[PDB]
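Working notes for the structure below.
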Protein chains: 2
Amino acid sequence: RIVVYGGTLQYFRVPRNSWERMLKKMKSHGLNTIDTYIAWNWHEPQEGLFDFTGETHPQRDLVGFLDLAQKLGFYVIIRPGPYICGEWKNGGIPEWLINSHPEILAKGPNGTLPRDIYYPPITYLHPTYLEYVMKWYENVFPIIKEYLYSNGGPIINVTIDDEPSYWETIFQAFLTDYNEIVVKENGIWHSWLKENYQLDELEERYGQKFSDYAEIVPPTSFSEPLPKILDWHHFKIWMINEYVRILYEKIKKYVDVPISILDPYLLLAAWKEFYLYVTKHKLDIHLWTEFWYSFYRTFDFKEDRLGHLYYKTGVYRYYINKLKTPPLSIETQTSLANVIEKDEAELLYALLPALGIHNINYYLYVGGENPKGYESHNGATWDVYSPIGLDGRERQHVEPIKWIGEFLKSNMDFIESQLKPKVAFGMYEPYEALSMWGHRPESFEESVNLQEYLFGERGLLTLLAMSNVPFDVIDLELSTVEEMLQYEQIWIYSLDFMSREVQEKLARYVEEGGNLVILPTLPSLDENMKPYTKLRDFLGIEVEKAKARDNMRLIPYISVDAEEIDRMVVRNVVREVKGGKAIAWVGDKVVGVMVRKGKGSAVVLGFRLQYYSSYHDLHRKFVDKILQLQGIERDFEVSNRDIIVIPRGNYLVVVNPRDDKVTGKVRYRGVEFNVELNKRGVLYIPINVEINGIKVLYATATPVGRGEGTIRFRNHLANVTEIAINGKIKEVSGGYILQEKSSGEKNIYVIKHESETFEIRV
Amino acid sequence: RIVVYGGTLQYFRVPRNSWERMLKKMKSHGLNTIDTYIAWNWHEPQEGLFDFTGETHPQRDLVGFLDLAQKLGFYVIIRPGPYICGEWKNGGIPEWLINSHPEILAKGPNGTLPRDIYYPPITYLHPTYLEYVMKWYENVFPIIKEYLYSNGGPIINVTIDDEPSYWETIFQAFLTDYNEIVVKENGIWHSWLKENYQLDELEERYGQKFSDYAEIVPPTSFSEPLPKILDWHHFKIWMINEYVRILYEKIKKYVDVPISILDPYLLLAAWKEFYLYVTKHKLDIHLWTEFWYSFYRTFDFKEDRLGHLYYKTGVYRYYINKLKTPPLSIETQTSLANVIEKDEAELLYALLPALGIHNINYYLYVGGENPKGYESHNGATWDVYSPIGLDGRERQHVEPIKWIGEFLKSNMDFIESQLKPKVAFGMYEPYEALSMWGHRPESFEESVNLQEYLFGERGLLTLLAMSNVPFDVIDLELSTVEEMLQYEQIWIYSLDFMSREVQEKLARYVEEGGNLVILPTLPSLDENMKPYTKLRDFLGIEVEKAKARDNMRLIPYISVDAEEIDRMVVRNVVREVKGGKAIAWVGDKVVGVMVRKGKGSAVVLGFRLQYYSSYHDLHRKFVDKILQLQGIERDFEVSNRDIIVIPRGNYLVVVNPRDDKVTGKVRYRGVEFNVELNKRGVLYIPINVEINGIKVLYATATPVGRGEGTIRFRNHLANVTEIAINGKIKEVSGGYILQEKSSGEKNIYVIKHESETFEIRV
Ligand SMILES: [Ca+2]
């Protein structure tokens with residue numbers, strides 16, 4: 001079967017006379033799939049004038065492009081919007097539509113938003129907007145239908161809209177949408193309220209009194225009750241889901257290939273709402289994702305990013321496991337950073353398959369130019385360090401792109417490998433919204449700065465990645481106790497509040513034999529912000545009340561001690577913790593404990609544990625201590641803790657996240673070898689695997705080609721590779737045996753290779 | 001003629017039995033100077049208990065440390081505080097002092113600040129603080145006196161306190177200092193007011209009627225008049241200046257070596273206040289600076305930083321030219337970043353001498369550890385990727401540190417070269433304070449986000465660096481019209497207000513033949529925020545009133561056209577510009593003009609010109625357009641504009657700011673040659689200079705050592721070097737001549753070298 005290995009070529013931003021050259025160059029890099037949008041405002045340039053054949057402009061020849069992709073043997077992923085984002089005028093929506101029907105434009109709470117803002121926000125469920133989208137889909141889908149793979153054409157998938165986020169306004173609670181149709185009496189907001197709550201529930205949740213749903217005004221400021229603001233958030237998401245459902249139902253009438261969506265809401269925990277909604281409405285949508293890190297500055301992809309990458313790949317693996325559809329990154333950043341240096345690019349691109357994403361599309365692959373009148377974010381240019389530049393040049397990040405494709409296309413044992421960690425991070429969706437907004441309720445003892453404490457450069461999750469602790473992600477609200485019990489250890493970041501349903505389940509998880517780590521407090525309020533203390537009462541742990549600081553100058557530095565740990569630095573307030581056995585103290589004040597209940601355990605830290613790097617390295621040592629205390633053992637040993645190992649059964653992903661030489665021993669599944677990673681990069685090390693007949697116990701290099709009794713290896717990170725096979729190397733090309741010893745059937749070799757590449761023959 | 005090339009070894013955080021080994025390793029790196037603090041709270045651990053010999057702890061042996069330094073033939077830079085910052089408890093102030101005289105502590109407008117915050121802020125001028133600082137100086141200066149270079153010891157210089165910034169509070173307008181002594185009736189604030197302003201002056205500037213000076217309460221919030229809040233800032237700066245003068249007067253009684261100070265106020269434009277103050281009080285203080293970029297993440301030093309580096313070096317050059325003191329960077333970042341990759345480190349370290357800073361100390365050179373009770377920002381550890389580690393390992397950033405040192409020591413010609421650019425940026429100190437607070441007055445048409453539009457990743461100043469336009473910085477307020485006229489072109493970033501004096505001098509600069517570039521508006525107010533239009537009226541240019549946006553989502557993207565510039569993207573409001581010759585449009589709307597008045601010209605742009613990278617490259621081309629309009633020619637030519645060239649007379653600093661291969665011709669002072677920069681790095685190319693007898697026309701490598709009839713070259717960015725000389729090469733060590741040709745007595749060689757180093761003999 002086929003690994004999708006793609007590049008984005010947006011035919012409408014590249015000269016038609018260059019399409020075939022650019023596509024042949026894409027094929028020479030090992031790409032088997034083309035991604036492109038079809039832009040509504042490009043193909044309907046005036047109302048009612050549709051051009052898919054280049055009648056009015058050569059780059060309107062969509063049919064011509066699809067014919068050429070077919071002729072050259074590509075699969076096509078087609079993304080017809082209507083919203084395509086794409087740094088493109090109005091994200092693909094016709095200017096003439098916005099100008100003749102400005103009633104469709106989404107409103108702020110003071111009224112009309114400025115008209116000169118990018119991707120003019122539109123009320124998705126305005127019937128005038130949906131009428132125009134239906135006319136677009138009725139014009140473009142007949143073409144897509146003819147070019148489906150099922151009809152002997154290249155199109156293997158259709159994507160819905162583009163990371164639909166209410167036009168990148170969902171990030172602000174009160175920017176949108178106050179259009180008359182959503183807020184008028186008995187409007188969309190009042191109808192949603194009726195569908196989801198009793199009028200008595202809303203009187204309770206808002207602490208007000210209501211005569212009908214029609215007198216509940218949408219919230220307008222952070223001075224309103226948090227549950228009301230979370231309802232407005234989940235309401236805007238439900239309008240996005242209803243829009244997606246309208247598009248899906250229309251697309252289904254035309255196509256029989258799989259239907260996909262990219263990053264709903266441009267959020268992650270909120271995919272809980274996506275999961276529940278497509279389950280309820282029985283929509284067979286493939287969730288796809290994307291990886292962007294640097295905009296309009298140099299690419300910056302170093303160890304700082306690993307918390308975010310492990311969290312996002314974890315949320316994605318959690319959801320496609322439940323939805324049971326194949327993983328795909330439809331946009332893997334290859335543009336819009338000033339330079340993309342190939343070793344930083346490698347650390348991102350090579351970790352996608354390591355973290356479960358073996359179908360990959362690179363965006364933007366082919367640099368181009370924006371036709372006059374369609375500029376938005378870049379003016380005329382559409383070539384910001386694309387792998388293939390406007391003049392046909394090949395830029396440096398083509399190199400990792402080629403090698404990863406050669407590996408994935410030749411190694412079906414890898415795609416069948418699975419990341420199966422003993423450790424999960426327990427995400428709580430309501431926290432996402434508070435963190436996004438930057439909204440800390442006056443009464444909260446904890447900071448909503450999760451970017452700093454949980455996700456970023458010094459985040460806990462970056463700490464776990466750099467501490468050699470790969471982790472899955474589980475939704476606390478969706479997950480059952482049986483699902484939580486698949487994990488030996490679950491880490492949870494707590495703010496003031498946490499639902500009764502979640503705390504009851506967490507309690508049963510530890511009773512049943514689960515191990516919890518909770519920081520930097522325990523919850524004191526339920527989902528309705530009412531006093532509630534289930535975890536406190538169950539664990540028999542009191543946690544001091546103390547107000548986290550927001551003023552950067554007023555955030556303290558505090559030194560924490562533990563067994564064999566002298567003065568580990570932490571930021572912001574540290575809470576006394578009472579109950580169970582002390583495991584961390586600031587002098588005499590106990591600030592972390594461990595408790596046992598039924599078969600399980602909980603560690604509670606009254607501080608925010610973060611990723612700091614130092615000689616002393618206490619942060620990573622403190623992670624080892626929490627694993628040791630709860631009996632959590634890694635499936636691997638490293639003599640150098642700077643070697644990152646992600647186990648995938650018959651492969652080990654070996655990572656040096658720094659441009660700094662790293663050396664040491666790896667032990668895994670009965671075998672031990674030396675690795676030498678002289679710079680930043682990633683290896684895919686086979687373990688106890690048959691490759692083209694040859695039985696490899698281990699190889700300290702990525703197997704990158706197949707032959708009759710031959711293996712081609714790549715080790716760009718050293719000039720020395722160890723291979724162990726049960727069998728004999730009868731010839732080495734591109735290198736020579738420096739060293740070998742037989743042990744019955746086993747032959748353990750050290751090969752010295754002048755370049756990155758060598759072949760053996762058995 | 002000795003160049004200071006220094007490392008920081010803080011004896012008090014390194015084991016005493018390690019001092020000699022660490023200093024010998026520093027000697028082996030070519031360092032000739034040692035920097036260290038003397039921490040008051042370390043040597044007076046209780047009130048009256050002084051220990052400089054290690055009676056109570058071996059790391060309190062300051063005396064032994066200076067003996068060892070002297071014995072190993074180092075100079076010493078000594079920094080006895082009393083505030084040393086240093087990520088050290090209270091920044092060096094004793095806990096016993098603060099606990100027994102809490103009245104010295106700085107107050108907020110709401111009263112005392114929390115006691116757990118780092119570097120607890122102190123009223124500098126409180127007599128009880130001063131009495132105890134003087135006792136510290138009375139004990140520590142008799143030792144410093146003994147060890148001065150004038151009395152046969154190693155101490156060359158004494159530094160006052162540490163980048164004194166009111167304890168890192170100056171950055172918040174109303175966090176500090178409301179202590180009784182500064183704010184009581186006829187206290188320090190009322191005294192300052194009287195001394196600086198006639199009372200009626202204060203009433204005109206604030207727009208309130210006052211009876212007496214003691215009615216004027218210090219400002220408390222951003223609702224009060226901007227000119228009063230700027231008075232509060234400059235008053236906080238004056239209290240720091242008084243504190244520096246008291247320290248200096250006391251230091252002068254013991255020492256006859258230069259006295260120095262690091263980054264007053266942790267600001268740059270505010271150095272105007274420091275210059276006026278030491279000129280006024282006739283203090284002979286050496287202004288020293290520092291370069292810090294990345295904290296508690298990986299080191300990030302790529303092209304993005306060059307706006308800031310050029311701006312900060314330029315502010316520094318502007319002021320040491322005026323104070324007539326030698327340049328020095330007393331802290332050049334070598335620590336506190338997770339990894340410092342040697343190419344990114346080199347781009348910073350190699351640009352300091354390029355930009356006029358040829359005396360350099362690296363901080364922190366030797367990793368250590370914090371004794372118990374003296375921890376603050378890092379807990380126990382004081383080894384965060386230092387060049388020399390706690391275990392004596394040498395980390396990768398030692399490599400550029402070694403070669404730069406060898407170059408400075410062996411090329412006296414280089415220090416006597418000058419950077420003398422045709423171009424200057426005009427800084428304006430009132431804009432620094434507004435940008436620092438993030439305070440935009442309600443009435444202001446312009447944004448105060450200078451970090452975005454001016455300084456950072458996409459700053460104007462970054463676009464100038466990357467467009468091959470080196471620039472000086474001049475202060476608009478201190479500079480004469482005669483001094484402005486030393487520049488063929490001045491670039492000015494304008495907000496709503498500009499002083500009537502500066503607007504006068506700018507008009508005279510253009511009348512007398514200067515070339516101004518002003519964006520993104522012309523000023524409309526004077527220093528008192530009163531309507532005033534001298535610049536607009538003089539140029540005969542009207543600029544549209546339009547309100548710049550702050551909400552990220554509401555900030556538009558706009559394409560600008562000019563001749564041979566198709567849709568150059570800009571951000572935020574673009575203003576119509578009336579009067580003068582149109583040179584930039586948005587559609588039909590003129591948004592940029594050139595006028596001529598008297599002998600000179602002004603270009604006025606109604607938009608924020610920023611640094612964006614693309615194939616079409618319009619932002620750099622738009623810089624070339626401006627230089628062409630106003631007759632500004634570079635001193636050099638490059639066939640490939642990605643070769644950054646900083647001319648220094650006899651030397652050409654050649655720069656590749658990316659890890660991307662760069663190839664091209666350079667033409668300078670009538671010679672032409674090819675360079676090959678295969679990764680990120682810097683070469684110091686000699687041009688028509690005599691290097692130990694050898695007449696070098698050019699060499700495409702850094703001359704890193706001389707002998708009799710020999711030059712050792714370093715070229716780590718290629719394996720070929722071009723050398724043109726008046727004589728003949730009789731011997732090549734570490735390479736061979738690939739190609740040669742004569743022209744009269746001149747011989748031109750291509751040398752192939754297998755490593756970065758080779759030697760020629762003539
Ligand atoms: Ca790099």
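Proteins come first, then strands; the chains are lettered A, B, ... in the order of their sequence lines, and each starts at number 1. When reading the values below, keep in mind they use all heavy atoms of this one structure, side chains included, and skip hydrogens, waters and symmetry mates.
The closest side-chain heavy-atom distance from B:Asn338 to A:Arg658 is below 4.5 Å. Counting only heavy atoms from C-beta outward, the side chains of A:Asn551 and B:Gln172 approach each other to under 4.5 Å. With a 4.5 Å cut-off on side-chain heavy atoms, B:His616 and A:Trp382 do not count as touching. No side-chain heavy atom of B:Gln396 sits less than 4.5 Å from a side-chain heavy atom of A:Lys661.
The greatest number of non-hydrogen atom pairs below 4.5 Å with chain A, out of B:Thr169, B:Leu175, B:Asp391, is found for B:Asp391. Per-residue counts of heavy-atom pairs under 4.5 Å with chain A were compared for B:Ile558, B:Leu390, B:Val384; the largest is that of B:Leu390. Note: B:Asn370 leads B:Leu113, B:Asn370, B:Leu618 in heavy-atom pairs under 4.5 Å with chain A.
Minimum heavy-atom separation, B:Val569 to A:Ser376: CG2-O, 4.0 Å.
Contacts of A:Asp566 with chain B are made by both backbone and side-chain atoms, with heavy-atom separations under 4.5 Å. Proximity to chain B is limited to the side chain of A:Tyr612, based on heavy atoms less than 4.5 angstrom apart. Contacts between A:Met552 and chain B at a heavy-atom distance below 4.5 Å involve the backbone alone (N, CA, C, O). For B:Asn378, the part sitting under 4.5 Å from any heavy atom of chain A is the backbone (N, CA, C, O) and nothing else. Both the backbone and the side chain of A:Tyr119 come within contact range of chain B, judged by heavy atoms closer than 4.5 Å. Only the side chain of A:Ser559 comes within contact range of chain B, with heavy atoms under 4.5 Å apart. With a threshold of 4.5 angstrom between heavy atoms, A:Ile555 approaches chain B through N, CA, C or O but not through any side-chain atom.
Summarising the geometry, atom OG belonging to A:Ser613 is positioned 11.0 Å from atom CG belonging to B:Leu336; distances are rounded to the nearest 0.5 Å. Atoms CG and CD1, from A:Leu554 and B:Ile117 in turn, are 5.0 Å apart once rounded to the nearest 0.5 Å. Here B:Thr381 contributes atom OG1 and A:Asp617 contributes atom CG; the two are 9.0 Å apart, rounded to the nearest 0.5 Å. Atoms CZ and NE2, on A:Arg571 and B:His377 in that order, are 7.0 Å from each other to the nearest 0.5 Å.
With respect to the salt-bridge test (charged N to carboxylate O, under 4.0 angstrom), the residues B:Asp116 and A:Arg549 qualify. Taking 4.0 Å as the cut-off between side-chain N and carboxylate O, A:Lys342 and B:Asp660 do not count as a salt-bridged pair. Ion pairing between a basic and an acidic side chain is recognised when a charged N comes within 4.0 Å of a carboxylate O; B:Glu344 and A:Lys302 show such pairing. Salt bridge absent: B:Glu303 and A:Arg297 never bring a charged side-chain N and a carboxylate O closer than 4.0 Å.
For the pair B:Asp304 (side chain) and A:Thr298 (backbone), a donor-acceptor distance under 3.5 Å is present. Distance alone, capped at 3.5 Å, is enough to place a donor-acceptor pair between the A:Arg567 side chain and the B:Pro371 backbone.
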Self-check item: Audit row: A:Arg393, B:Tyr615, side-chain contact (heavy atoms from CB on, under 4.5 Å) steps and yes/no
Solution: CA-CA 11 Å; A:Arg393 70 186 58 189; B:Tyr615 175 85; 3.7 Å; yes
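For the pair B:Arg553 and A:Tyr118, the distance from NZ or CZ to the six-membered ring centre is under 6.0 Å and the angle to the ring normal is within 45 degrees.
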